[PDB]
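**Student:** Let me start by giving you these chains from the complex, positioned as in the assembled structure:
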Amino acid sequence: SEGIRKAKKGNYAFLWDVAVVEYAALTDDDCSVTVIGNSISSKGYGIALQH
């Protein structure tokens, strides 16, 4: 939440999930941001369960 406006106001590139940044681009009332892609497909994300 601080990284919303501090990246808006201040040259701060952030370290986070891209899909969140996709939605943060989806929320800003002006198209006023920039993202750069990432491709690391050897490691994945699964969903935990009962052992």
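**Tutor:** Noted; the coordinates are in hand. Numbering: from 1, shown residues only, chains lettered A, B, ... in the order given.
**Student:** So which residues of chain A form helices?
**Tutor:** When secondary structure is read from DSSP state H, chain A shows helices at A:2-8, A:18-25.
**Student:** can those helices go into a markdown table with extra columns for mean neighbour count and distance to residue A:48?
**Tutor:** (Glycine included, C-beta is placed from N, CA and C.) What follows is these, written out as a markdown table (neighbours: other C-beta atoms under 10 Å; distance: least, C-beta to C-beta, whole Å):
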| stretch | mean neighbour count | distance to residue A:48 |
| --- | --- | --- |
| helix A:2-8 | 12 | 27 |
| helix A:18-25 | 12 | 19 |
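**Student:** Now tabulate those helices in TSV and tack on distance to residue A:37.
**Tutor:** Listed next are the helices of chain A as TSV, based on distance: least, C-beta to C-beta, whole Å:
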stretch	distance to residue A:37
helix A:2-8	18
helix A:18-25	8
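**Student:** Nearest to residue A:40, out of these?
**Tutor:** Using C-beta to C-beta as the measure, helix A:18-25 is the one of these that comes nearest residue A:40, at 11.1 Å.
**Student:** Drop chain B onto that structure:
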Amino acid sequence: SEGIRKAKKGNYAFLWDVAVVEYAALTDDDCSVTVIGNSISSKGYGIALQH
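**Tutor:** If we add chain B to the chains shown above, we get the following:
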């Protein structure tokens, strides 16, 4: 095993696994290798166990 030097000595944009190319251009010694990038998240490989 067929279209090997036809991609290197002919107009054939041959199409296979990138890691196989990291073996094949390693077998190549003539510096006639060029390739572009690709990000495909859906498919891949991990060793099967017993059921």
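**Student:** Quick one: neighbours of the residue nearest to residue A:8 when sequence neighbours are not counted, just the number.
**Tutor:** If the residues on either side of it in the chain are set aside, residue A:8 comes closest to residue A:32, at 7.7 Å by C-beta to C-beta, 6 or more residues apart in numbering or on different chains. Using other C-beta atoms under 10 Å in any protein chain shown, residue A:32 has 8 neighbouring residues.
**Student:** gap between residue A:32 and residue B:28?
**Tutor:** If you measure residue A:32 against residue B:28 using C-beta to C-beta, to the nearest Å, the figure is 47 Å.
**Student:** now do residue A:28
**Tutor:** Applying C-beta to C-beta, one obtains 48 Å for the distance of residue A:28 from residue B:28.
**Student:** next one: residue A:3
**Tutor:** When distance is defined by C-beta to C-beta, residue A:3 is 47 Å away from residue B:28.
**Student:** distance of the residue nearest to residue A:8 from residue A:10?
**Tutor:** Taken as C-beta to C-beta, the span from residue A:32 to residue A:10 is 14 Å.
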